[PDB]
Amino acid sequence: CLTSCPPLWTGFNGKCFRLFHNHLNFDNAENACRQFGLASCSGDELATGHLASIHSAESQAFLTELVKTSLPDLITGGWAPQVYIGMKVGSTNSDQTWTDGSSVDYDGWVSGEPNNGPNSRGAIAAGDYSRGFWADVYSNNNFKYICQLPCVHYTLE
């Protein structure tokens, strides 16, 4: 297998991703990703896209390479460019969730992050300070963002 994706999207480990270049706040970035859907052929919407979730060191490496190869002239000595992913930090730092409802089973935070709770949002920080690992930021920041299409698999049980 290679992952199969639609035009302009790119696949890694069974999921399809796309970096978007318009700058949106967190809630508007998530809603932008929700415009992509998965429908049954008889016409029922089953699922939406979401800001990307990340579940392994390899996935983190892939998304970092996606950002850095896509934005090479924007890479700074700082955190920038920061690109939203689907991470929400709630009332305490243990309250981490992904917008797609998947488990937080991978920790990609830059040392000292998250540090802007309660209710902050995660971003891949692809600048040289952070090398793609995540920063938390306030949700009103307007950033580029990565969407994932609905992640689904057949159950052959």
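Note that residue numbering follows the sequence shown and begins at 1.
- If you average the C-alpha B-factors over 44-52 and over 118-126, the higher value belongs to 44-52.
- The PDB entry reports B-factors from which the mean C-alpha value can be compared for 35-43 and 106-114; the larger average falls on 35-43.
- Highest CA B-factor among the listed residues (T10, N22, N25, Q148): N22.
- Remark: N93 belongs to the highest third of its chain, ranked by C-alpha B-factor as recorded.
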